[PDB]
Every structure is written in structure tokens, then in C-alpha cells.
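This report refers to the structure that appears directly beneath it.
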Amino acid sequence: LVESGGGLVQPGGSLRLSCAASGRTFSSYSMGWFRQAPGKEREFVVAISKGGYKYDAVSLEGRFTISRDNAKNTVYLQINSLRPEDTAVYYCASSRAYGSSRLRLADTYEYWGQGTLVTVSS
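Last residue of the sequence shown: 126 (the deposited numbering), numbering continuous.
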């Protein structure tokens, strides 16, 4: 898995990240985004099931949405209304698990990318 799109962005703007997977088995995985902000433990961000259904983090205020394009082996994270506290390394992960509350847990996932840094600053 390879995440892309990180950079320096102004508060209030939006940013789209993507993650591309190798191989032929992309459609067989649910995909989840997590982040590691400086000085914090890993946080679940948002996930998408094999069928395309969104699973939101229990406290991230709806600002993070997700889509997948199976023909391109790619999943997308859209962050709206960026805040300084969104500064973090963002990771995407794959799991064979079906859509359920387990998609909000890191241990459910089998493969992880190397991450992409998002910095939000005025």
C-alpha cells in the first residue's frame, strides 16, 4: 500500500489523500485510514467496506470522507475544513473483514502503507 498527497495546507481548506494497492486482490479488502499526530497515540480516521460503505470514527465530527476506485486499485481520503490538529502522519490499511465496528480497530487490519505527512498551519 502506498499513500500519497501529504503536504503543507492552510486551515479551513481541504485536502485529498490517496492510497494505491499493488496486485489483483484490491477489491477483496476493506480499507481504513488512521493517523499518528505528534504526541498522540494512533487514531482511527475512517474506513470503507468492500461494498463501499463508510465507517466513521466515534469522534471525528464528520470531516473525513472516503471513496474507492477498484479499477485503479485506489482509495481516497477527503479531509474538509482542515484544522491545525489534523497535522499528522496519515496511514491507509487493508483488511479482509466485512463492514462492521471491527473496521474501527487497528488490529483488524492486515497490511499498512508507509504513511504521508499532512501539516496544517497558518
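Note that beta-carbon positions come from the ideal geometry of N, C-alpha and C, so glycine has one too.
In DSSP terms, what residue i is bridged to
i, result
"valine 124", "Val13"
"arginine 39", "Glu47, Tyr94"
"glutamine 82", "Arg20, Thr69"
Pick from the options that is closest to residue i, judged by C-alpha positions
i, options, result
"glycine 10", "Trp116, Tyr95, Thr69, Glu114", "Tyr95"
"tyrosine 113", "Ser8, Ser32, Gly17", "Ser32"
"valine 49", "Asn84, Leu12, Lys76", "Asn84"
"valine 124", "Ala101, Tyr115, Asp90", "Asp90"
"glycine 103", "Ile52, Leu64, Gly119", "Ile52"
"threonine 29", "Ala92, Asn74, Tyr57", "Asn74"
"residue 128", "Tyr80, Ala61, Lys54", "No answer is possible for residue 128: the residues shown for the chain start at 5 and end at 126."
Classification of residue i by the beta-carbon crowding that lies within 10 angstroms, buried from 16 upward
i, result
"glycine 36", "buried"
"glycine 117", "buried"
"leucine 12", "exposed"
Beta-carbon proximity check, residue i vs residue j, cutoff 8 angstroms
i, j, result
"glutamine 14", "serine 126", "yes"
"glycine 43", "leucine 86", "no"
"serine 99", "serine 22", "no"
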